[PDB]
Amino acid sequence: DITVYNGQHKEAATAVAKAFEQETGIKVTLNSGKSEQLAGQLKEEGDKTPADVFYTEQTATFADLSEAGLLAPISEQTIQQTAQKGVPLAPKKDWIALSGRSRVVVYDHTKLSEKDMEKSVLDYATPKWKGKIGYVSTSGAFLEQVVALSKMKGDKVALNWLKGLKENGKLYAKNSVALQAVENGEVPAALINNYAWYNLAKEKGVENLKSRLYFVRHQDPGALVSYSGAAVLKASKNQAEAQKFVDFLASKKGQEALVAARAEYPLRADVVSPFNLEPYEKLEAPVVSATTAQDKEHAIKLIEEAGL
């Protein structure tokens, strides 16, 4: 039996754990928490941690653990299962990316069309969109979007984007609320994450929604994908079952279990999502370095400076 420190959503984690227990007969215990807190706990515990595997919604939390020598190597064959073009790879082959979530633009297709959409997420923060674009400044993915803009286009552009949202956008407390506002006719479009919309569409049927999704694609900062993954702890005294769990997560059945539970893009090429997601490769996600704590601190400073 194994212990998994879990920073991912409980439904994702519970569903793959249960499919693992059913496939192998090995029992999984989750120790859930926020990825950044769990990572800190793993570093403090060091070679006496009870953790066998670390399962996270955000692969960026792994870099520090790897650099501190706390992660075990994973099978090369396992890594290759999700190694699509654009998918982040552990330089030391000591963690694996498993799935993704995407930034998207949701729009009311009875008021706007694909033709009204912009080639860049930068352009939604301009007077053309005044009173017409919702955004969620408190959302973790929104913070990731600022980090990517900063890295890809520099601080002046990031700040100008945030200042433009301040001036032109409608602020919503959550992505689900921004989605409702589009459905309700309050705002014709918003910047959200993919899964909120695919959840609603699975629930109600796409034909019954006013809203559709526009993916900016072509490695625009607005095509940002955030990656979930897993790692085996070097300290684990059950490497064999820990590695079997990580291999299962990368397998067809493990990826099938994940996508049945959550609207994340599988990184295996031979699994389709029952939420009817497009293939990961079609997203044309940009390639961007892992968000550090320092990156998050800086992005918060820019949001503050923009008056948000």
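Throughout, we count residues from 1 along the sequence that is shown.
Could you settle it for me: does 90-98 or 204-212 have the higher average Cα B factor in the PDB entry?
Comparing 90-98 with 204-212, the higher mean C-alpha B-factor belongs to 204-212.
Decide which of the stretches 50-58 and 23-31 has the higher mean C-alpha B-factor, going by the entry.
The stretch with the larger mean CA B-factor is 23-31.
Take the CA temperature factors straight from the PDB entry and tell me which of 240, 272, 70, 249 peaks.
The record points to 272.
Sorting 123, 116, 144, 220 by Cα temperature factor from the record, which one lands on top?
Answer, based on the entry's C-alpha B-factors: 116.
Ordered by C-alpha B-factor within the chain, which third holds residue 302? Give me lowest, middle or highest, please.
According to the entry, residue 302 has a C-alpha B-factor in the chain's highest third.
Check where residue 244 lands among this chain's C-alpha B-factors and tell me if it's the lowest, middle or highest third.
It falls in the bottom third of the chain.
Chain-relative CA temperature factor third for residue 133
For residue 133, the deposited C-alpha B-factor lands in the middle third.
Can you tell me which third, lowest, middle or highest, the CA B-factor of residue 308 falls into for its chain?
Top third by C-alpha B-factor.
Ranked C-alpha temperature factor of residue 287 among modelled chain residues, by third:
Residue 287: CA B-factor falls in the middle third of its chain.
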